[PDB]
Amino acid sequence: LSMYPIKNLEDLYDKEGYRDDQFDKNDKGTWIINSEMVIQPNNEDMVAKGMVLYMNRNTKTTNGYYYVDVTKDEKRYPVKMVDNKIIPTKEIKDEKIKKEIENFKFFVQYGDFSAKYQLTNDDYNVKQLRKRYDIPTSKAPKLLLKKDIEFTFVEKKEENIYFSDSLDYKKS
Ligand SMILES: [Ca+2]
């Protein structure tokens, strides 16, 4: 987690990950960057919000989608990513969706550092998440590093608040 933060996404275009015999030799590979806030308050609806981008190093173009996901006990919005900036490709009528996208940063852009940790609200990353999101709890989440970063706030089987962040590298 030394690299965190990568404030400019375009940097990623020039960083290579794990490749194998299966990997094409033509292919520079693709980055699959996903950040997701999940918030499930007690025995009501869960709403999960995030975004997925796809950074094809060959074309050096990036599209993906902002997803909103309510689920009892999924709407995607198509974005592209030019010049370290996420922009919507299908029209959005909603204003609150048009804005979260505009003010959206991936955790790798702002985050600053299996594995098992109990954090304080003095921690930097917990403060980053609280400021940026509307988190319905006061307690200091755990950190779960399996790349997969998770901050889990509340796990009770009747309510579940958590944040996950991944960066992955695949063939295109
Ligand atoms: Ca930390």
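Throughout the sequence shown, residue numbering follows mature numbering (1 follows the signal peptide of the UniProt record, and there is no 0), covering 17 to 89, 99 to 138, 159 to 191, 204 to 229 in sequence. For every residue, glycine included, the Cβ atom is placed at its ideal position computed from N, Cα and C.
Going by DSSP, what residues sit across from residue i in a beta bridge?
| i | result |
| --- | --- |
| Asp108 | Bridge partners of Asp108: none, in fact. |
| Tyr219 | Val54 and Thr209 |
| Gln163 | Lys187 |
| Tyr70 | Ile48 and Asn79 |
| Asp225 | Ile48 |
| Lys65 | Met53 and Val84 |
| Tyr102 | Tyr82 |
| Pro113 | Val104 |
To the nearest angstrom, report how far apart residue i and residue j are at their CA atoms.
| i | j | result |
| --- | --- | --- |
| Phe210 | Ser18 | 24 Å |
| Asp137 | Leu174 | 12 Å |
| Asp179 | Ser51 | 15 Å |
| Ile117 | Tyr162 | 39 Å |
| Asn59 | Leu164 | 26 Å |
| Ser223 | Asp40 | 23 Å |
| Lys187 | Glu99 | 27 Å |
| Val54 | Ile218 | 6 Å |
| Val86 | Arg177 | 20 Å |
| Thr114 | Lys123 | 11 Å |
| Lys172 | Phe131 | 15 Å |
| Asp27 | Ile49 | 13 Å |
| residue 194 | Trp47 | Residue numbering in the chain jumps from 191 to 204; residue 194, which lies between, is not modelled. |
| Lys110 | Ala185 | 31 Å |
| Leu190 | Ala160 | 5 Å |
Can you tell which of the options has its C-alpha closest to the C-alpha of residue i?
| i | options | result |
| --- | --- | --- |
| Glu215 | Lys88, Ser51, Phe39 and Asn50 | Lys88 |
| residue 94 | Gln134, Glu99, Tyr83 and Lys172 | Gap in the chain between 89 and 99; residue 94 lies inside it and carries no coordinates. |
| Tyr226 | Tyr20, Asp85, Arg73 and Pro113 | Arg73 |
| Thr182 | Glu207, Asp205, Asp168 and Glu212 | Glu212 |
| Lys121 | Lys65, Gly33 and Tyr29 | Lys65 |
| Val133 | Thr78, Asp85, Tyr102 and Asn170 | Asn170 |
| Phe129 | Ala185, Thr77 and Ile112 | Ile112 |
If we count Cβ pairs, one from each stretch, closer than 8 Å, do we get three or more for the segment 53-71 versus the segment 102-111? yes
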